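Asks: My questions all concern the structure below.
Cβ: placed from backbone, ideal geometry, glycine included. Neighbour counts: every protein chain shown. Nothing in this text is a laboratory measurement; each read-out follows from the coordinates by a stated rule.
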Amino acid sequence: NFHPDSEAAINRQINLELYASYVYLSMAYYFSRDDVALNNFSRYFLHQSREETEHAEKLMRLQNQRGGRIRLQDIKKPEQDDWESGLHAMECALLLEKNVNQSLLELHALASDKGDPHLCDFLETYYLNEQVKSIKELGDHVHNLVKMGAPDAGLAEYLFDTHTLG
Amino acid sequence: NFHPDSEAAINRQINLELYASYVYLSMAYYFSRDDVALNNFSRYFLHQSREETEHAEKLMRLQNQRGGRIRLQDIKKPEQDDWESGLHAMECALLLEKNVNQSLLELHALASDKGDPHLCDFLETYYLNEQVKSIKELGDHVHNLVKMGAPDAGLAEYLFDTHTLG
Amino acid sequence: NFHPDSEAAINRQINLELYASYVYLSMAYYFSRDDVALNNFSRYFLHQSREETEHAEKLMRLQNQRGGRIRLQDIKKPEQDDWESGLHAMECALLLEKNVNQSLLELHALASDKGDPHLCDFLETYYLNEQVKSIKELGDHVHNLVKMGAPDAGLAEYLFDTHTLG
Amino acid sequence: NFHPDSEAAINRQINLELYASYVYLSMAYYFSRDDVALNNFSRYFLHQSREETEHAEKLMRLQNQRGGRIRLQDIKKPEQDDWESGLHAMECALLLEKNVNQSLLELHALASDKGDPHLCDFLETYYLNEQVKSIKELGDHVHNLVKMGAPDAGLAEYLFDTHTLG
Amino acid sequence: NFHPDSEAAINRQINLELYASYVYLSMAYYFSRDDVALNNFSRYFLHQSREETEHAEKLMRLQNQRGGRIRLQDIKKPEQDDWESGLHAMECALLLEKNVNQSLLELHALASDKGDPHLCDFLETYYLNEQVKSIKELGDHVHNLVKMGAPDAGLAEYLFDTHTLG
Amino acid sequence: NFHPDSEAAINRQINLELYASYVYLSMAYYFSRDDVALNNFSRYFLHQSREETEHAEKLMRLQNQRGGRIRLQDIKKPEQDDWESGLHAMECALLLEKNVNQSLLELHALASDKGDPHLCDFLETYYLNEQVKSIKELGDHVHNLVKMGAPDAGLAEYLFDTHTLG
Amino acid sequence: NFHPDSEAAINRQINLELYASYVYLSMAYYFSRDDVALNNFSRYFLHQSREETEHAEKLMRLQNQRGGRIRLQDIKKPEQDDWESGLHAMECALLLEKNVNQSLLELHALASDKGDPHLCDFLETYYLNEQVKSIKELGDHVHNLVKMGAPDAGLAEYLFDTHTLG
Ligand SMILES: [Cl-]
Ligand SMILES: [Fe+3]
Ligand SMILES: [Fe+3]
Ligand SMILES: [Fe+3]
Ligand SMILES: [Fe+3]
Ligand SMILES: [Fe+3]
Ligand SMILES: [Fe+3]
Ligand SMILES: [Fe+3]
Ligand SMILES: [Fe+3]
Ligand SMILES: [Fe+3]
Ligand SMILES: [Fe+3]
Ligand SMILES: [Fe+3]
Ligand SMILES: [Fe+3]
Ligand SMILES: [Fe+3]
Ligand SMILES: [Fe+3]
Ligand SMILES: [Fe+3]
Ligand SMILES: [Fe+3]
Ligand SMILES: [Fe+3]
Ligand SMILES: [Fe+3]
Ligand SMILES: [Fe+3]
Ligand SMILES: [Fe+3]
Ligand SMILES: [Fe+3]
Ligand SMILES: [Fe+3]
Ligand SMILES: [Fe+3]
Ligand SMILES: [Fe+3]
Ligand SMILES: [Fe+3]
Ligand SMILES: [Fe+3]
Ligand SMILES: [Fe+3]
Ligand SMILES: [Fe+3]
Ligand SMILES: [Fe+3]
Ligand SMILES: [Fe+3]
Ligand SMILES: [Fe+3]
Ligand SMILES: [Fe+3]
Ligand SMILES: [Fe+3]
Ligand SMILES: [Fe+3]
Ligand SMILES: [Fe+3]
Ligand SMILES: [Fe+3]
Ligand SMILES: [Fe+3]
Ligand SMILES: [Fe+3]
Ligand SMILES: [Fe+3]
Ligand SMILES: [Fe+3]
Ligand SMILES: [Fe+3]
Ligand SMILES: [Fe+3]
Ligand SMILES: [Fe+3]
Ligand SMILES: [Fe+3]
Ligand SMILES: [Fe+3]
Ligand SMILES: [Fe+3]
Ligand SMILES: [Fe+3]
Ligand SMILES: [Fe+3]
Ligand SMILES: [Fe+3]
Ligand SMILES: [Fe+3]
Ligand SMILES: [Fe+3]
Ligand SMILES: [Fe+3]
Ligand SMILES: [Fe+3]
Ligand SMILES: [Fe+3]
Ligand SMILES: [Fe+3]
Ligand SMILES: [Fe+3]
Ligand SMILES: [Fe+3]
Ligand SMILES: [Fe+3]
Ligand SMILES: [Fe+3]
Ligand SMILES: [Fe+3]
Ligand SMILES: [Fe+3]
Ligand SMILES: [Fe+3]
Ligand SMILES: [Fe+3]
Ligand SMILES: [Fe+3]
Ligand SMILES: [Fe+3]
Ligand SMILES: [Fe+3]
Ligand SMILES: [Mg+2]
Ligand SMILES: [Mg+2]
Ligand SMILES: [Mg+2]
Ligand SMILES: [Mg+2]
Ligand SMILES: [Mg+2]
Ligand SMILES: [Mg+2]
Ligand SMILES: [Mg+2]
Ligand SMILES: [Mg+2]
Ligand SMILES: [Mg+2]
Ligand SMILES: [Mg+2]
Ligand SMILES: [Mg+2]
Ligand SMILES: [Mg+2]
Ligand SMILES: [Mg+2]
Ligand SMILES: [Mg+2]
């Protein structure tokens, strides 16, 4: 019951989760630079990185289980290594998650048209709800940092680092 | 005391450890295909994948600590997704490790010429000895699988999977 | 295998670690004055003081072990007793550590020219890596206090004291 | 009651136990080569090596206790460092033990002719029975490896390594 | 109620406790030389060193608490690095403690003339009694080593090291 | 990266560690003779013997791991079996360790010229520092026994046996 | 299989073990006199006394078990009650044990001529090895006390009492 258009799309989502993992890894090591030094932003994005790797592995095991063929692509480097500020990194991550969500919604739509309920359920179960939660969490963080005056107010990112992410 | 030629080389080693991690991830999910089904080969390469990620992160933190600038590159996809057999995967991995070792020896040489003892010690401490051990382990595995008659002898890879890697 | 130029240099590094210990002790008791009252800055520098004493003792035991002769010098008082602010103390400490590091790198260079691998290893093992970490930590602290607006912003040093150093 | 012919013979047995210990050490590190890689053969011979050292020390303490004078000889290197295969090493060891046993039986005979019951009992108690058991064990191993088709059958030594010696 | 003559005297006692700490540190590492090798003399003086540092810190905290200004001086190197023998080191230490005691008695006298009961009590409580005990202990050690025949009797310092200081 | 001059030198160091092990074994059983009877000298040298065997095994495993070929030599008997006295044995051991150290320093030099950092690190990590410590310990023992009047003073070796080595 | 010459000899050995027990009891209470006062010599010989009684009882039970008839003789008082010194007592005991050993070797010889393997084994198992060990231990003690200068050196017996026998 496994369409070849389905196989290809799953392969493309795999690459995207890996890309998101790389973006969050890049952010993690930006925040541990000596001229940024926001250690809980760094920890937060590192855990996100590892969650994206988990998302990619689950798709890889879905491919094996349905008898599809995994086909790996280059993992593109992130758009920046100057993430500029804690607020900016959070906004970029929110955007990333929002765009991964659209790719996930397009994959669900393809599975529905192909009559692949297993794939639909798999997405609904492990991806669509965690993505809504991720977007809401980042949206929360973005809002608090904006209110607090980041990045220009000197105390804001520090205080957010030490309370919310601590 | 941190040379800019040094920064660039460290950045290139970071990419290579990430590439090795991707190669081992690809191998892990090859062995969990329904037409290979060697679950302990798969577990073995998955743990290798995660060790390479650890190697790359240690270099990233060395870069931050010396005040260098991390500069990420695309992570190239592995040379194959048909790893062909347990023996073939092991030989490819041995080759990979051997080539990562040469890159590491060239980086040590560059640090010695620049008079960077910290970097030399860092390599001697966390990379050169683990690489010798990795190469010896893979060399051992390659030899046993060859003796046992892999890949053509039907029992060999199965038995190795269930005893040595189990 | 123990050069007399080597003995003298080790003796001079011993004096420098003791001097650094005295600087950090002076800073510790500056921050516990009634017109400064930053008790976690004070605790932080006190622990640094005790680490420098440990560094000096390790060198003294290296001298005994190689059969060199320990030769103690006066320990010079620190450059100031008005450390002026938490930010200023941190910047002075960063500078101190940076200058101790250069002295350590010059001693490693002398041991390499004399073909004293034991001494090189000893430095690489117990000094060069802890010094890189110390400099990075102080660099982090300096950056956060600057961003937060210290010393002029009234809340900055207090908040840093009570969160990061607490 | 301690004959001088007795002293000399004990000294010669001491050298032989040490030689056997060296043979087994050589075998141990043959099996941990990258082109042999039979880790339980290697462990097995290493434990044998350490038992031979124990046998030599017991004789050395017997010499002290009877008031004889220990007189050490060079320990000759083993006949080969290419032990060729697991079966070959086992056959060589069986031969070694058989020849050590004959030396032990000749020493018992000398003690009987000299009317040295203490020495006879000492041999009967700590050497003659352990030697019979060693020879029987090696004889068992040799037989199983032959039946299984070693060294030419690729699976035989591997399987024996992983079951009997594991 | 804190006199400026009082502040200066406290500052001078601080320097003296630090000097005593340096003397005992020097003695500690004399006794761990390869041509002295009295490891419990070495441990004994090391603990004394650390007690003197504690004495100096208590005075530094008294200065802060009374609102005086700590003013650090160079710490002079000890009079010798050849402490010559266990007996000689003990006699030098006894002399040191005796001279620190006189400085302490002069400081108590100054506080009494200034009508500073807090300072008098502080000295009576933490310094005068520990100094009497230190002098008595060193006096005991000096007497036993003399009776035993040190330094000329070869067994005396060794036996004292291994029993009294062990 | 493994030179053949390097292989040969490692093989020669292996033989030397084994020789040192044999020397210490000989000393151990000298001190348990009925006309010497210094049981803690005997225990002390026995533990040294077993440490030298450990040093030789680590080199043997380094050879396997780098793909070199272990090549064993005869183990020469020690220069004496009359070690004459506790002091004499200690002086001989100090000399032995000093000469093993020079062989180790020459091997490090050869590895540096061949650009073998792994081998350099291996030596710096497991051999050069333990050798400095061994030499210092034996130097300490030699000095105390000399001061105490050994071997001519009847009490000296006995007392050292029962306190320092006990 | 029990010869009557065998019965008589066993009876005579029984008397000798009892005599040795009496000698050691006499020595025990010599050393607890107010003009000797070496309490650990006294304890040491008391334990020896009780071991000799155990040796005599084992022979008595051997006689019953073989159906021989136990025939007790007077137990002769020891040769002296002035054992003169710790060294002298030890030398006398060594002599005693040496002479008991010869009696034991003559009994083994008689059992061999009578073809009594049970009796031979019994002697080899419970007597000949403990006698060799006893003689070696006493020989050790005798040597140390001689070296230390006993009985004329005032410290020697006291120190041996308080360390070796303590
Ligand atoms: Cl099986
Ligand atoms: Fe997770
Ligand atoms: Fe989760
Ligand atoms: Fe999680
Ligand atoms: Fe998880
Ligand atoms: Fe995801
Ligand atoms: Fe999970
Ligand atoms: Fe691609
Ligand atoms: Fe996500
Ligand atoms: Fe939030
Ligand atoms: Fe807070
Ligand atoms: Fe790991
Ligand atoms: Fe690891
Ligand atoms: Fe691991
Ligand atoms: Fe891990
Ligand atoms: Fe790696
Ligand atoms: Fe790890
Ligand atoms: Fe790129
Ligand atoms: Fe690797
Ligand atoms: Fe293997
Ligand atoms: Fe099996
Ligand atoms: Fe520390
Ligand atoms: Fe530390
Ligand atoms: Fe610490
Ligand atoms: Fe500590
Ligand atoms: Fe330091
Ligand atoms: Fe520490
Ligand atoms: Fe000076
Ligand atoms: Fe420092
Ligand atoms: Fe910070
Ligand atoms: Fe054993
Ligand atoms: Fe055993
Ligand atoms: Fe055993
Ligand atoms: Fe054992
Ligand atoms: Fe044996
Ligand atoms: Fe055993
Ligand atoms: Fe020889
Ligand atoms: Fe054997
Ligand atoms: Fe068997
Ligand atoms: Fe204290
Ligand atoms: Fe105290
Ligand atoms: Fe204390
Ligand atoms: Fe304390
Ligand atoms: Fe004091
Ligand atoms: Fe205290
Ligand atoms: Fe000054
Ligand atoms: Fe004092
Ligand atoms: Fe005393
Ligand atoms: Fe060890
Ligand atoms: Fe060790
Ligand atoms: Fe050990
Ligand atoms: Fe050990
Ligand atoms: Fe060694
Ligand atoms: Fe060990
Ligand atoms: Fe040879
Ligand atoms: Fe050694
Ligand atoms: Fe010593
Ligand atoms: Fe008993
Ligand atoms: Fe017993
Ligand atoms: Fe007993
Ligand atoms: Fe008993
Ligand atoms: Fe008896
Ligand atoms: Fe018993
Ligand atoms: Fe009678
Ligand atoms: Fe007896
Ligand atoms: Fe003894
Ligand atoms: Fe004592
Ligand atoms: Mg690109
Ligand atoms: Mg559902
Ligand atoms: Mg549905
Ligand atoms: Mg490509
Ligand atoms: Mg000055
Ligand atoms: Mg190095
Ligand atoms: Mg030969
Ligand atoms: Mg028998
Ligand atoms: Mg001066
Ligand atoms: Mg009062
Ligand atoms: Mg010779
Ligand atoms: Mg190193
Ligand atoms: Mg180096
Ligand atoms: Mg009579």
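Asks: With θ taken as phi - 60° and the coefficients 6.51, -1.76 and 1.60, list the Karplus ³J(HN,Hα) couplings across the range A:114-123 in order, rounded to whole Hz; mark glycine and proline as x.
Replies: 7, x, 10, x, 4, 5, 4, 4, 4, 5
Asks: For the ranges D:105-111, C:105-111, what's the packing order if you count other beta-carbon atoms within 10 Å of each residue, average per peptide, and put the highest first?
Replies: Working: D:105-111: 16.9, C:105-111: 18.6.
Descending packing order for the listed peptides: C:105-111, D:105-111.
Asks: Picking from F:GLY166, F:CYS92, F:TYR127, whose Cα lies most toward the positive end of the charge dipole for the range F:48-166 (charges on Cβ: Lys, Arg +1; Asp, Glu -1)?
Replies: F:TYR127
Asks: Additional query: Just to verify a number: FRET efficiency for E:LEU95 and G:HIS47, C-beta to C-beta distance, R0 = 45 Å, to 0.05? Walk me through the intermediate numbers first.
Replies: On the way: r = 52 Å, r/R0 = 1.15.
After rounding, the FRET efficiency stands at 0.30.
Asks: Shifting gears a bit: Starting from the eigenvalues of the Cα gyration tensor, five times each then square-rooted, give me the equivalent ellipsoid semi-axes of the protein assembly as shown, largest first, whole Å.
Replies: Value: 64, 51, 26 Å, ordered largest first.
Asks: Mind checking which chain E residue has its Cβ closest to the axis relating E to C, and how many whole Å off it is?
Replies: Nearest residue, distance rounded to whole Å: E:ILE75, 2.
Asks: Between beta-carbons, use under 14 Å as the cut-off and find the net charge around B:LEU38, counting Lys and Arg +1, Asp and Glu -1. Don't skip to the answer; put the middle values down first.
Replies: Numbers: positive: B:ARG33, B:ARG43; negative: B:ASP34, B:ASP35, B:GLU84, B:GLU157, B:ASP161.
Around B:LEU38, the charge tally is -3.
Asks: Can you sort B:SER103, B:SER21 so the residue with the fewest Cβ neighbours within 10 Å comes first? Walk me through the numbers on the way to the answer.
Replies: Numbers: B:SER103 14, B:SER21 21.
Least to most surrounded, the residues fall as B:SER103, B:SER21.
Asks: Which order do B:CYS120, G:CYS92 fall in if you start with the one that has the fewest other Cβ atoms within 10 Å? Don't jump to the answer; show the numbers that get you there.
Replies: Numbers: B:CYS120 24, G:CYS92 18.
Exposure proxy ranking, most exposed first: G:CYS92, B:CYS120.
Asks: Something else: Greater than 18 Å separation of Cα atoms is the criterion. Which listed pairs, A:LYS77/C:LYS147; B:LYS58/B:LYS98; D:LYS77/F:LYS77; B:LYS114/C:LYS133; D:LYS58/G:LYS136; C:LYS58/F:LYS136, meet it? It would help to have the intermediate numbers written out before the result.
Replies: Numbers: A:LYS77/C:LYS147 29 Å; B:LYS58/B:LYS98 20 Å; D:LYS77/F:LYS77 13 Å; B:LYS114/C:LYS133 21 Å; D:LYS58/G:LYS136 15 Å; C:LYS58/F:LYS136 15 Å.
Exceeds cut-off: A:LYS77/C:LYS147; B:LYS58/B:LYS98; B:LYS114/C:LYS133.
Asks: Taking each residue of F:130-138 in turn, how many C-beta atoms of other protein chains fall within 10 Å of its C-beta, and what is the average? Present the calculation step by step, with values, prior to reporting the outcome.
Replies: Details: counts 0, 1, 9, 1, 0, 4, 9, 3, 1.
Partner-chain Cβ atoms within 10 Å, mean over residues of F:130-138: 3.
Asks: Would you work out which of A:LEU38, A:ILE70, A:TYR19 lies farthest towards the positive end of the dipole of chain A, given +1 charges on the beta-carbon of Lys and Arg and -1 on that of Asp and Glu, about the Cα centre?
Replies: Checking the options against the dipole of chain A, the answer is A:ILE70.
Asks: Shifting gears a bit: Calculate the spin-label point distance for D:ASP152 paired with B:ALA153, positioning each point 7 Å from the Cα along the beta-carbon direction, and give it in nanometres.
Replies: It is 1.4 nm.
Asks: How far apart, in nm, are two points set 7 Å out from the Cα along the Cα-to-Cβ line at D:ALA8 and at D:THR125?
Replies: Using points 7 Å along Cα→Cβ, the separation is 2.7 nm.
Asks: Show me the helices of chain C, taken as full DSSP H stretches, that run 15 Å or more along their long axis by Cα and average 0.0 or above in Kyte-Doolittle hydropathy.
Replies: Details: long enough: C:4-30 (39 Å, -0.09); C:39-66 (41 Å, -1.65); C:86-113 (41 Å, 0.34); C:129-148 (29 Å, -0.69).
Passing helices, by number: C:86-113.
Asks: Which distance in nm do the two modelled labels at A:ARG69 and E:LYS76 give, with both placed 7 Å along the Cα-to-Cβ direction?
Replies: Using points 7 Å along Cα→Cβ, the separation is 8.8 nm.
Asks: Most exposed first by the Cβ proxy, i.e. fewest other Cβ within 10 Å, how do E:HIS88, D:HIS55 rank?
Replies: On the way: E:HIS88 17, D:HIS55 23.
With the fewest neighbours first, E:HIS88, D:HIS55 line up as E:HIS88, D:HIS55.
Asks: Measure out, as a whole number of angstrom, how far apart the alpha-carbon centroids of the range C:24-67 and the range A:33-108 sit.
Replies: 43
Asks: Length gain on complete extension for the stretch C:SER103 to C:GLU54, per 0.36 nm per residue less the alpha carbon to alpha carbon distance? Each step should come with its number before you reach the end.
Replies: Details: separation 49, 0.36 × 49 = 17.64 nm, distance 1.74 nm.
The C:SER103-C:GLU54 span can extend by a further 15.9 nm.
Asks: Under unit Cβ charges (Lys, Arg +1; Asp, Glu -1), what dipole magnitude, rounded to 20 debye, does the range F:124-166 have relative to its Cα centre? Spell out each step's value before the answer.
Replies: On the way: 3 positive and 7 negative charges, 22 e Å.
Dipole magnitude for the range F:124-166 comes out near 100 debye.
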